[PDB]
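Protein chains in written order, with the deposited numbering: chain Z, 996 to 1009, 1040 to 1045; chain U, 104 to 112, 119 to 193, 199 to 206, 240 to 253, 263 to 525, 549 to 704, 715 to 902, 941 to 974, 979 to 1009, 1040 to 1094; chain H, 104 to 112, 119 to 193; chain X, 297 to 396.
A virtual CB, placed ideally from N, CA and C, is assigned to each residue, including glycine.
One structure is given below, encoded as structure tokens.
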Amino acid sequence: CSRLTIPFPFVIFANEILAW
Amino acid sequence: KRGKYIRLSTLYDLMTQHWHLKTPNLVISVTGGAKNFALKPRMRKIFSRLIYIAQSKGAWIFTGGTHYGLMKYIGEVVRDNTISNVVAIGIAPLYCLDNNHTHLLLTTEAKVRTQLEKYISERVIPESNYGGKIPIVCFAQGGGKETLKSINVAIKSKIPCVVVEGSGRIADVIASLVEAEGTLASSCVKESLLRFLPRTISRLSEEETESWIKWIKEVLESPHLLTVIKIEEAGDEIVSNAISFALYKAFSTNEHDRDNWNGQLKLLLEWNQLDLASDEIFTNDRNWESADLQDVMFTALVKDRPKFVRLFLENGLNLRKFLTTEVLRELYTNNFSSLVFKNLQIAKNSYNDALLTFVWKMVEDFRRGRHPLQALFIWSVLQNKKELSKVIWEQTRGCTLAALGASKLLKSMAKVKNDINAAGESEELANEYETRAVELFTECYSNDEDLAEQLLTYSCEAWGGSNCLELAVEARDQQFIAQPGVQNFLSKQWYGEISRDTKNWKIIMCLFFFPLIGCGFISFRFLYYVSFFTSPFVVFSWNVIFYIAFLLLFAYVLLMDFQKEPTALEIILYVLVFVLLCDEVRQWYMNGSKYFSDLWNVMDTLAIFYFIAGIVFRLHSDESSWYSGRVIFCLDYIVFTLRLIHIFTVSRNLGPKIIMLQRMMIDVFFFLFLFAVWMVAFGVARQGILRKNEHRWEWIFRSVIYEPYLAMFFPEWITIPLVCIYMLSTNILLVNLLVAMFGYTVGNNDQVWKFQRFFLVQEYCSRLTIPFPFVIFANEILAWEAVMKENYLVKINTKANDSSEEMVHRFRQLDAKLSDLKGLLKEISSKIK
Amino acid sequence: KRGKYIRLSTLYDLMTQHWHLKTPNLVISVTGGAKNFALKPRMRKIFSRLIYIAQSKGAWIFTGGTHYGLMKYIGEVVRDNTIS
Amino acid sequence: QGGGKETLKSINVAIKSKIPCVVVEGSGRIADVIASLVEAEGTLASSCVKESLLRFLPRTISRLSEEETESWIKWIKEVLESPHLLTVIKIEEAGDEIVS
Ligand SMILES: CC(C)CCC[C@@H](C)[C@H]1CC[C@H]2[C@@H]3CC=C4C[C@@H](OC(=O)CCC(=O)O)CC[C@]4(C)[C@H]3CC[C@]12C
Ligand SMILES: Cc1cccc(COc2ccccc2C(=O)N(CCCN)Cc2cccs2)c1
Ligand SMILES: CCCCCCCCCCC
Ligand SMILES: CCCCCCCCCCC
Ligand code: NA
Ligand code: NA
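Structure, rendered in structure tokens:
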């Protein structure tokens, strides 16, 4: 999941919770 | 952001009409501006359960809205509950204001606070739970003059009950001056209050210190308005055990509700006061007819009081009469949570079974418009009512069946990944309905086996449309099926009307010699042949014996026969293959296009369709396709023998090894698939390197697949990385081989194969009970387990022995005995004076 | 199916000679027509062990034969022991 | 096991007339009374029937006359004339085989 989120042929195209 | 403030020196309408809602409860916390307040782990817990109670009942919490000690802790628990409604109204060298109260109304302030809360106690309410009257409670935990007159002006002026506890300065005083009758104890206020808070008396005059004795002694003029949260109450639900007992005291001592037993019940039902409602209401000196216990029952179901549903049933309430046609539809759309019903949509669509379709349609026809007890049970199972559904289960008629249908309905609603908290709870509740149906059925099987096995196959009167066995295989309830009652049932369904005590070989030798059945050789249970040859152990033994003789005759046809004409041997080879196909088409039902997904049952059909093509090539009369009809018979002879090898493989390892096998079968099929992928890529590499560079046809695409198997059955610098291919292709294929070996291990093991041994034998018993050559020729027990359930519920209830050895009754039964000795010591001193 | 009834305002021979057997034990449960009866888990157990004892010793259990509270519970444990 | 006038004279006409033994237990209205008036010798306890029976069932006394309420004291005290015909299934007997 830390790779690119786009398929192979298209690689060339590219404090409120601490209170909880 | 919010927080409203009003400067102040008639009031109530400016906050219930302009601002917010009505009060079913109202709590008063009085400490005053104590800048210090020792919050223990206990006092942090008492005033955190209290705001959860005000969150549940919807109360107002009047306190002094300044940012010190308790009142800044009460404020910061309120914003903790609005993070995870509560209306904490605040009324107040110099104190700073508290930035956590919802509405602020700022010594000089404790008269408008009293005359407000004395007005809310004055009101008359048409909802009328507490006789109307809006329940007012006043807490107390600390010392000082201000919290002493707050208890005074509560109790003396009107009747709000007051709750204190034994941790503090003067709330410990009144916690000590209530277990004592000394004719108002005219100077024990001085004999208390000095030895437990010695520094406050030497700070003021005597005439006001005696006024504190006048203050305290008029609190104790009514001890029915004074509940004490004692220190030894080391458990949850002790604030509400004190608030409800304070509200029950003030309600029942009105001297008006002697005829109103029902108003005491609805009060004691809203709070979960079971052990108070049993001994103060249902004691048979009070007169109730068990006819007005029905609207109180419908409230005990919807607010999830499971202990009160049980108390209403055991005091006399016919649940069959109560569950009318409209109560179930005031329950499936009015009191059905939409998060479950949205989750019922996803379970019905993504993991669809025959039981869910009856459940999804019976939820719908109540929300759109007869076994009523089993509709209330599904209502309380779908919503994961953990302990209410255990009460309705004991009132159902088919109790082993409904414990399995609930265990399947939850196991399908726990297959939804929409919320893994609700899917983790309902899987846990399903695992204790399967356990509930194991130990009920072993109780039924420790009685006579002919009635418990009458109950396994009960026609259910359309519960879900299935018996207890069908509802346990589809649920994959491995614990219900691995129990010895169900395994003994199947081994009698497989041995048939033959007894299991005859021998194993004694059955087989009666196949080869029919007149041994008519003697006393076999000990089954006038024409015993139709009983012997219908048991599926004999049908399986004859079908394998026929299948070997079919293969020994197909070997004679292939070698000695088969010259040019299909003579009398080969025609009956069709007829023996035809009954191997006629039974397949009559078993081609119930497939769902998934019966053929195992490579040993699609192999059965593809061995005949590759054999029927051998009868096509047989009747062509030319030598160019007669021999092509022999090589398709000889290749099909190996397919028919591998099915015999697979029959011997399964039927020997049908036991503990049936999990190791058939997991290793799909693990070797994956290795052989990866080996076939590698042999294809070895074929392209070997064809691309060798000759015939551009001289090709569809010769290539049919040879490259087979040239490495014919290979199985210039060195400048590339020869050394050719070995690094054989050190990589050996590695990645040997790992797939060893994964196939040891993959059965990784992944209670007795109930895994006992479910599979049950599922395979019941799959074979669901075939025809006639051998291969003859396929062309073709509420009295629910009353019994109601007795068996009550014997079972006695077993699990009297298993509270390690909780009876917890001596919390014996820690307090001598406290009444030592106080029996205590009071007699005191009165004998009064006589000799 | 069964269940015999006699309207009544010397008696014993008309049930040991015409009807059934002799008594090694004889239990008397007296509550009267209490229309309400709080059956706890304990009182459900005391009056279920008792009928098992009368099953073992072969007793007669005289009670008020009306369908209310204990006497309808005593009756329905009796048919539970004739089922098991 | 329960209360009322009828189960009180049933214990009476059992014990007084002939000798069948009587078994009570401590869960009920007046069977809890005689479960409390057997661990006590007070020379027949001439008014402890009033010192019992009121603090543990307070609504049945204010439904009838006094001369029959004193007759209930006459009813209860002739039960206790023979305490060898009065077994109590006590509450702490949390186990099987306590009826027999
Ligand atoms: C030359 C041929 C004709 C003579 C040899 C006969 C055998 C090939 C046949 C007759 C006895 C048969 C067996 C009879 C008993 C067994 C065990 C039986 O397994 C069980 O009993 C499991 C118990 C259960 O499933 O509940 C399954 C069939 C099987 C292997 C049969 C497989 C084939 C057998 C060995
Ligand atoms: C090539 C071919 C095609 C169709 C049918 C056959 C004859 O197959 C049998 C022979 C003897 C006994 C039982 C069978 C037989 O039907 N089984 C094998 C039983 C053991 N796994 C099919 C199955 C039953 C349950 C799951 S699978 C052969
Ligand atoms: C379970 C043992 C069965 C032994 C086989 C019986 C004899 C088969 C051959 C009979 C001709
Ligand atoms: C380049 C070949 C190296 C030898 C391979 C040995 C594999 C043995 C597999 C036995 C399971
Ligand atoms: Na290789
Ligand atoms: Na290899």
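At a cut-off of 9 Å, the C-beta of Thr140 of chain H has a neighbouring C-beta in chain X. Those residues that bring their Cβ nearer than 7 Å to a heavy atom of ligand 1 are U:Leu669, U:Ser670, U:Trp673, U:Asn683, U:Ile687, U:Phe726, U:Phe729, U:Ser730, U:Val733, U:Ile734, U:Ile737, U:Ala738, U:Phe837, U:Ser840, U:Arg841, U:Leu843, U:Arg988, U:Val992.
A distance criterion of 8 Å places the beta-carbon of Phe829 of chain U in contact range of ligand 2, judged by its closest non-hydrogen atom.
Contact check for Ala1047 of chain U against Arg576 of chain U passes: the beta carbons are separated by less than 9 Å. Contact between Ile502 of chain U and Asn597 of chain U holds, with the beta-carbon distance rounding to 6 Å and staying under 8 Å. Between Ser396 of chain X and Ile162 of chain H a beta carbon distance of about 5 Å is seen, short of the 8 Å cut, so the two are scored as contacting. The alpha-carbon of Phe859 of chain U is positioned some 57 Å away from that of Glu482 of chain U. Within the same chain, Cβ atoms closer than 6 Å to the Cβ of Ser702 of chain U are found at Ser678, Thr681, the five residues on either side in sequence being excluded. DSSP places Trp815 of chain U in the uninterrupted alpha helix (DSSP H) bounded by 812-815.
If you check the C-beta of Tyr995 of chain U against ligand 2, you find a heavy atom less than 8 Å away. Using a CB distance below 7 Å, the part of the stretch 309-343 of chain X facing chain U consists of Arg325, ordered along the chain.
In the same chain as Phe785 of chain U, and ignoring 5 residues on each side of it, the C-beta atoms closer than 6 Å to its own belong to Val791, in chain order. Taking 9 Å as the cut-off, the Cβ atoms of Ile737 of chain U and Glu773 of chain U do not count as close. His250 of chain U carries a strand assignment under DSSP once its states are collapsed to helix, strand and coil. Using a CB distance cut-off of 9 Å, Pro354 of chain X counts as an interface residue toward chain U.
Beta-bridge partners of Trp169 of chain U (DSSP): U:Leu135, U:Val201.
For a Cβ distance threshold of 7 Å, nothing in chain X lies close to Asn474 of chain U: the least Cβ distance comes to about 21 Å. Taking 8 Å as the cut-off, the C-beta of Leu861 of chain U does not count as close to any heavy atom of ligand 6.
When DSSP reads this structure, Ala433 of chain U sits in no beta bridge, so it has no partner. Taken through DSSP and simplified to helix, strand or coil, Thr383 of chain U comes out as strand.
Within the stretch 292-349 of chain U, the runs of beta strand (DSSP E) at least 3 residues long that lie entirely inside it are, in chain order, 292-296, 317-321. When only Cα atoms are considered, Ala900 of chain U and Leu512 of chain U end up about 56 Å apart. Remark: the C-beta of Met954 of chain U is in contact range of ligand 4, defined as less than 8 Å to any heavy atom. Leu179 of chain H has a beta carbon lying within less than 9 Å of a beta carbon in chain X. Short note on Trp1045 of chain Z: C-beta not closer than 8 Å to any heavy atom of ligand 5. Ranked by how close their Cα comes to the Cα of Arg153 of chain H, the residues H:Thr119, H:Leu179, H:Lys166, H:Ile170 have H:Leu179 in first place. Contacts with chain X at 9 Å (Cβ-Cβ) do not include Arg153 of chain H.
For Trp789 of chain U, the Cβ falls inside the 8 Å cut-off from some heavy atom of ligand 2.
According to DSSP, residue pairing for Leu244 of chain U in a beta bridge involves U:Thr175.
For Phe556 of chain U, the enclosing alpha helix (DSSP H) starts and ends at 552-561. Taking 8 Å as the upper bound for CB-CB distance, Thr140 of chain U and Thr303 of chain U are in contact here, some 6 Å apart. For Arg442 of chain U, the neighbours in chain X by C-beta distance under 9 Å run, in chain order, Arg355. Annotation: the continuous alpha helix (DSSP H) that includes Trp371 of chain U extends over 362-375.
Taking a C-beta distance under 9 Å as the contact criterion, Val857 of chain U and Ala967 of chain U qualify as a contact pair. Residues whose Cβ lies closer than 7 Å to any heavy atom of ligand 6, listed in chain order: U:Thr957, U:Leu960, U:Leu961, U:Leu964. The beta carbon of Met124 of chain U sits closer than 8 Å to the beta carbons of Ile203, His250 from its chain, once the five residues preceding and following it are set aside; these are given in chain order.
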